[PDB]
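Encoded as structure tokens, the following chain is the form solved without its partner chain, with no partner shown.
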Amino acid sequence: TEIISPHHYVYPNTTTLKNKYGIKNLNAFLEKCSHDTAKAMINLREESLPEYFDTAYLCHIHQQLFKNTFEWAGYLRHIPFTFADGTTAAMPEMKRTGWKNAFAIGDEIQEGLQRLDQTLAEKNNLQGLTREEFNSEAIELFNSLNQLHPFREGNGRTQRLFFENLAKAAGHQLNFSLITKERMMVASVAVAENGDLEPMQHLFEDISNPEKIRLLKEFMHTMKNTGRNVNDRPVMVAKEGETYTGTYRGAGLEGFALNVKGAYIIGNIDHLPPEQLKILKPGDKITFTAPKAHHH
């Protein structure tokens, strides 16, 4: 023993992260872990928002969400951590294939977290800003905190609560729960692989704009009695300029859904002609252009 290694995060002869439950079975653990972190979220949302938004808080969120799951709850992945079993683990480098885009390695993690805290303190937690101004600044930090992959596990949950609170503090919304797993994967990869903010800006918009949030919430709530589920597919509210051709998938009170190349595009029921609403049966193949209004 006595050699720091990433392999010491997982039980020997497994790929299942060492946990407080003592559950070596991968699926058994994942179930237990999900249940507890679910409860932890409900409790965290109750607690006051902080004076400062910094890595101290990011770690607090992690510590609190995973106190019952991981021994290393509050700790970043570059800080070597000794388990009660005696072994010590650290993962300065996350690793991809050479042709893919890179996470921060070791010392880079802290240097980045410093800049994260730095720029936040300098901009008053992005407080006195408009949505467009805020989102623009918040996306930069979100992408930046994504490439640093601070924790060994649970980067997404704790990162998204962080920014959700950062927005509430700053007098805005970021309803991340509306975003499917698949959409986040796509928006993140876009930024990481291509350097493209198109989908991320789109993601933030739908999640921040009240009129669009109203639409997504409705779509997500109707995924209740069906015997189904939509994390595998990206769900989006049609961009103001863009035109979407796809099969019609019914309408609710405030919105309607299309199926464009697998993805679900949501439109405002008012942007359709009423004359058509009545006629449109499900699965009708419609080409819909959303309205746009530029200000100059």
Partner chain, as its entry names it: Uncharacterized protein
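Definition used throughout: the rigid core is the maximal C-alpha set that superposes within 1.5 Å between two forms. Numbering follows the first chain given and starts at 1.
Another form exists, deposited with its partner chain bound; not displayed. Remarks below refer to it.
In summary, the region of this chain contacting its partner chain in the deposited bound form, judged by heavy atoms within 4.5 Å and restricted to 246 to 254, 48 to 56, 24 to 32, 233 to 241, corresponds to 24 to 32.
For the three residues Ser5, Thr69 and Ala73, a heavy atom within 4.5 Å of its partner chain turns up in the deposited bound form in no case. Distance criterion of 4.5 Å from any heavy atom to its partner chain in the deposited bound form singles out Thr180 from the list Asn143, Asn125, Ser208, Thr180. Note on the partner interface in the deposited bound form: the residue among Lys217, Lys95, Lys100, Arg115 having a heavy atom within 4.5 angstroms of its partner chain is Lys217. Contact annotation for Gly156: at least one heavy atom lies within 4.5 Å of its partner chain in the deposited bound form.
Contact check for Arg160: a non-hydrogen atom falls within 4.5 Å of its partner chain in the deposited bound form. A residue is said to contact a partner when one of its heavy atoms sits within 4.5 Å of a partner heavy atom; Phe81 fails this definition for its partner chain in the deposited bound form, lying far away.
Although the partner is absent from this view, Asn175 contacts its partner chain in the deposited bound form, with a non-hydrogen atom inside 4.5 angstroms. Contacts with its partner chain in the deposited bound form, taken as any heavy atom within 4.5 Å, map within 32 to 46 to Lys32, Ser34, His35, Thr37, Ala38, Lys39, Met41, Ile42, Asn43, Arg45, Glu46.
Superposed on the rigid core, the two forms differ between this form and the one not shown by 2 Å or more at the C-alpha of one listed residue only; from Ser136, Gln118, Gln127, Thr88 that residue is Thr88. Once both forms are overlaid on the rigid core, the distance between the two CA positions of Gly195 between this form and the one not shown is under 2 angstroms.
After superposing the rigid core, the Cα of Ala257 is displaced by less than 2 Å between this form and the one not shown. Core-superposed comparison between this form and the one not shown: the C-alpha position of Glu31 differs by no less than 2 Å.
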